[PDB]
């Protein structure tokens, strides 16, 4: 998910602009729900996933807010000491404590019912147990007990009118989530929200701790520790799930890393390119970053150095010159199915071969398979979420930086060979694979584009629509599931705010029993594909002026 927020000093024709593309995958009906709420202290407009009570994306006429996933480490695993005799008990601070337990019955349409038990200790639910060691693992979340308060903090923040009131609510959201602020006077801010454990000295958060008592968290860290900035010296805030701040540790997932190779650099380059941006230019960063190959910038220098002494008729060199002429922006041909330049296919095959000769080789089976993906893996329906740089590729980037990388190379991933020799062998593997399928004339290579599917199944794999309700879009775009833009004190209007969004396929998912589809079932789908957007209304007079219908209810509690 990405976000860029542009303040007073960088904004042109406005004091503040906020653009947000939360990335959750692409579904039918739409992941988010548009809603305006006027009364009881609330005066808001925006859209929010699964119609939660609190609006994750929108504004209240004075401030505006948005989010991206935080990925802090807020979950640790506790290795509980069981007993072969006295089962259902575990050792904790010198006594044998009994477990919480509940019984569940799964009813099954057209089958027999199944019943199982769930177990819980003071550290949390039991994930798995090793009867051989007599250990049971319990997953302990820092936000446990604060789920409902986090939902409410996301609802109350919609009433804030300044930074001080808004941060009061950010201090109560306990999930690992980045939160962003903008306001009518041109102030901008960011808070990496959530509850993080106050761990004992010597606790390495990437690995399990004994659940017997001595490794127990001391409590939670105060809100003053949460990474936060207000009116940054740069003039802007940008994030694409990258690190909040210097020295902040990331989630303990083995596949997740914050390293020198990071896709947020692609946004930074565009915001640093121009001294001031307009709203139209801030919106247009969605289009560029959507279409940008993420590996090009990282490994083009390495490819150039390795083929620099090669002759012009060496095909490894011709592959690197095609890459050298490219800006990395993918564009569809007129057929609607192949890309205009073969660069992403070349990087894909190169990187797969490079990882197999380097990272994969140093890791024992079957963990080697965690580091072999190039990051271009998809199917015919296309990626299920954003495109990112793969783990194996971030680890390989540190290795090709040499002693310029701060990460100690405990094993030489090039295994004694000079780098250039390994790059040239992978480049030969690439030429061999691609020329075989496409031929030797690089200029007529028409390589397959990634497409985009709005799925009928929700993110869990469960149907939320019939299979025919699936929608297909020819061009894959690395962008938010929805995009929304808020512009404060526009010099081009009399309104203090202007806001837009796009929620595709449409506002409604309704299909009558006779098969008649609601009028607003797919009227935003083509707008999504062409980078268009619709206006969000806030004031009564704008709502009245654009009203299509009205329904009044009279109800008493």
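Residue numbers count along the first chain shown, from 1.
Engineer: Comparing average C-alpha B factors as deposited, tell me which of 542-550 and 12-20 sits higher.
Structural biologist: According to the PDB entry, the answer is 542-550.
Engineer: Hey, which bit's got the bigger mean C-alpha B factor in the entry, 344-352 or 429-437?
Structural biologist: The stretch with the larger average C-alpha B-factor is 429-437.
Engineer: In this PDB entry, which of 309, 392, 213, 197 has the top CA B-factor?
Structural biologist: It is 309.
Engineer: Identify, among 475, 482, 130, 262, the residue whose C-alpha carries the highest B-factor in the deposited PDB entry.
Structural biologist: In the PDB entry, the greatest C-alpha B-factor among 475, 482, 130, 262 is found at 130.
Engineer: Which third, lowest, middle or highest, does the CA B-factor of residue 56 fall in along this chain?
Structural biologist: Lowest third, going by the recorded CA B-factors of the chain.
Engineer: Taking the C-alpha B-factors as the PDB entry records them, is residue 189 in the lowest, middle or highest third of its chain?
Structural biologist: Its C-alpha B-factor, which the entry lists for residue 189, ranks in the lowest third among residues of this chain.
Engineer: What third of its chain, lowest, middle or highest, does the C-alpha temperature factor of residue 417 fall into?
Structural biologist: For residue 417, the deposited C-alpha B-factor lands in the highest third.
Engineer: Consider only the C-alpha atoms of the modelled residues in this chain, order them by B-factor as the entry records it, and name the third containing residue 399: lowest, middle or highest.
Structural biologist: Answer is highest: the recorded C-alpha B-factor places it there.
Engineer: Sorting by Cα B-factor within the chain, modelled residues only, which third would residue 489 end up in: lowest, middle or highest?
Structural biologist: Ranked within chain, residue 489 CA B lands in the highest tercile.
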